[PDB]
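Here we start with a single chain on its own, the form deposited in one PDB entry, put down as structure tokens.
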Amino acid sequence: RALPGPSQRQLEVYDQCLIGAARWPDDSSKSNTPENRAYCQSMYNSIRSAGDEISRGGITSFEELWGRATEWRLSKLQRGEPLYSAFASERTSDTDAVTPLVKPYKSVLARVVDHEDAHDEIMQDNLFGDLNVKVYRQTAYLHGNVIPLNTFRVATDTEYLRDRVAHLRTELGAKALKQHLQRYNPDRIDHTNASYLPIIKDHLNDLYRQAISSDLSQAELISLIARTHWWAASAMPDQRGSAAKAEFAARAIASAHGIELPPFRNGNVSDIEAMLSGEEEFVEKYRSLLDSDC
């Protein structure tokens, strides 16, 4: 059944230029720039065209949708082939994603440390040895079965470290210490094992199919949108760009039904808000993550 399609009433432009922003609390400056506001407004446009086609039956699978997001994002890359290939390629089962918690991901470190669901564990490291780490272990539940996802760790014996790290550098050379930190920095996100991605993809086509219904109340539909956005962003299915892509999909599904969601709230980097939360936590909080203030 065809759907109303994108709204005619459209976010004021101050908002459209925030669509997709990474409005880090600790440096919203980058949200304020000309090039970005260009990037975001581009996104807001390719979303809506995609919405147009969802509402008509042109996008059938969440995989075809994700193609529409991927396609868009690359067209915004002025970088080169080693960078074009990552944003274009699905993460595969013979590899492990990692994100060092450096900058701009320095705000996160508090979010893990004061997280109510945070553990206190030990990270056994061949160079620093044994370390205290506050740990969050995002998990998802599906068909009943538990899925582990991303794993936030923050080393806390911070004085040892700066002392230890300086130690280690002169021996192995910066060359071989950076090697370790690229893969074993004490503070780091260890992402959803790529092996889960086959099934997480079926579940996301199931989820998309339902939300392109025509009978859905305003509450459900959103509850569907928040989920999709949660599952994509948290599985991080592509080597690069998953963050944008996820938000692209979600917002395209919203405009299909004629909804015109706003930019997320400042300091609410949506992918990370979803990585540090369970499914139903995030479904509930979704509405307030959006700057729905007049």
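Whichever C-alpha set is largest while still superposing within 1.5 Å between the two forms counts as the rigid core. One rule holds for the numbers: they count along the sequence shown, beginning at 1.
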Would residue 45 be found without coordinates in at least a third of the other compared entries?
no
Checking the other entries of this protein that model its neighbours, is residue 234 missing in at least a third?
no
With reference to the PDB entry, specify whether the mean Cα temperature factor is higher for 76-84 or for 138-146.
76-84
196-204 set against 100-108, stretch whose average Cα temperature factor tops the other in the entry:
100-108
According to the deposited entry, which of 169, 153, 191, 115 has the largest Cα B-factor?
169
Out of 130, 120, 220, 90, which residue has the highest Cα temperature factor in the PDB record?
130
Residue 211 - Cα temperature factor, lowest/middle/highest third of chain
middle
Please say which third, lowest, middle or highest, residue 26 falls into when its CA temperature factor is compared across its chain.
highest
Residue 32 - which third its CA temperature factor falls in, relative to the rest of the chain
highest
Taking the chain's C-alpha temperature factors as the reference, tell me which third residue 57 falls into: lowest, middle or highest.
highest
Just say lowest, middle or highest third for the CA B-factor of residue 125 relative to the other modelled residues in its chain.
highest
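Not on display, but discussed next: the form deposited in another entry.
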The mover among 124, 218, 75, 95 between the shown form and the other one, judged by a CA shift of 2 Å or more on the rigid core, is 95
Superposing on the rigid core, is the CA of residue 173 displaced by 2 Å or more between the shown form and the other one?
yes
Has the Cα of residue 58 moved 2 Å or more between the shown form and the other one, judged after a core fit?
no
Kindly check if the Cα atom of residue 228 is displaced 2 angstroms or more between the shown form and the other one relative to the superposed rigid core.
no
Cα-Cα shift for residue 31 and residue 285, closer or farther in the other entry, minimum 3 Å
farther
Direction of Cα pair change residue 33-residue 26 in the other entry, magnitude 3 angstroms or more:
farther
